[PDB]
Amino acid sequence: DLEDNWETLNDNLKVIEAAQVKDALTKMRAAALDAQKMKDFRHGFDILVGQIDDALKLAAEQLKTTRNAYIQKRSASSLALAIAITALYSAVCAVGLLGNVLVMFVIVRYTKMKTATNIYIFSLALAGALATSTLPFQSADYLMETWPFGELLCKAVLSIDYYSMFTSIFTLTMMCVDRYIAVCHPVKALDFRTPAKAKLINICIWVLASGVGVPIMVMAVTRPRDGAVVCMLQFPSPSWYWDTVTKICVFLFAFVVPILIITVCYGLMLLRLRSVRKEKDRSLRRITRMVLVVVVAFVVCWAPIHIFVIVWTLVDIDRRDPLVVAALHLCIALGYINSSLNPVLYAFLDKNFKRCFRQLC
């Protein structure tokens, strides 16, 4: 048994720490030979046998460093990690779905979408509820190491994931633009920030994003790799080319462009405030402060997965390595934190449920 051989290798490394160390080293080799008895795992035991041979001649703890070429391919340590990730995806999914549905409910039932600001919040909440709805599937796939929901559901997951990423990010960018207009051009804001114009802008975002959603829905396929099934985009030939174009276009239009716009928005709202010369004067100072919170949270939550996507395409990453896997799904969830549990959605609930959460320090 491979599990029994794995234990006898470890339970014997502690017997060492002259004749006793030699009898332990030979006992380790016979287990290591039966442990080798997919080709990458077999290579690990060849380095292990070879190092044991040098120790039998004499290396002391060098076998523990070579053991890191067979452990990923500890026992409970892997299970603890899979649980932690399942817990992270389920916390992000459950707070995401319920937070966004609740915001939408507050707007539909109580607020009644009269202001332009509430239209930009409804759209951002709708985008967040769609974004978090793919998580049960993404976390099941991680756990099972295979796509068990078929092609049609793979198309639905990949298309909704790409589509909702852009509708969320652009609704957020446009909100900051809308608020920038209020702070800096108030005479012009009276004619622009009307609910009919907020309705049109938001609808344009949802219809425009279908230029991403539809090609992603077309390319999304279920293909078999190493006996298991994978949900993936099938780019036209050359796939490596169109894959690189897609990654560069997502990083440019859904990350750098929104930051640049929100940052230019922040700085201009800032100059407008500096150009001033009591309560109505500092009421605009809260709005500009909110824009800064938005951009900081955007950079914080989205930069790690973008730096990871770039590192992954450029450098050969050990997909098996435990800490690599931990960092990947943290980065993925951290992207979803902005998408669905956004600082604007927080502020909105903090305003409408003020009395429920207000308490003296």
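Heads up: residue numbers just count along the shown sequence, starting at 1.
Deposited residues lacking coordinates between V293 and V294 (none, 1 to 3, 4 to 9, 10 or more): Going from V293 to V294, the model skips no residues of the deposited sequence.
Residues with no coordinates between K73 and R74, taken from the deposited sequence as a class: Just 1 to 3 residues are missing between them.
Given 166 to 174 and 112 to 120, the range whose Cα B-factors average higher in the PDB entry: Per the deposited B-factors, the answer is 112 to 120.
Stretch exceeding the other in mean C-alpha B-factor - 146 to 154, 279 to 287: Looking at the record's C-alpha B-factors, the answer is 279 to 287.
Maximum C-alpha temperature factor, selected from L33, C331, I307, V299: Of the options given, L33 has the highest CA B-factor in the PDB entry.
Which of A327, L48, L314, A303 ranks first by CA B-factor in the deposited coordinates: Within the set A327, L48, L314, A303, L48 shows the top C-alpha B-factor.
Third of the chain's Cα B-factor distribution that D161 belongs to, per the entry: Lowest third.
Third assignment of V21 from its chain's C-alpha B-factors: Highest third.
CA B-factor placement of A220, once the chain's modelled residues are sorted into thirds: For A220, the deposited C-alpha B-factor lands in the middle third.
Ranked against its chain, the third holding the CA B-factor of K247: It belongs to the lowest third of the chain when residues are ordered by C-alpha B-factor.
Entry-reported Cα temperature factor of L13, expressed as the chain third it lands in: It falls in the top third of the chain.
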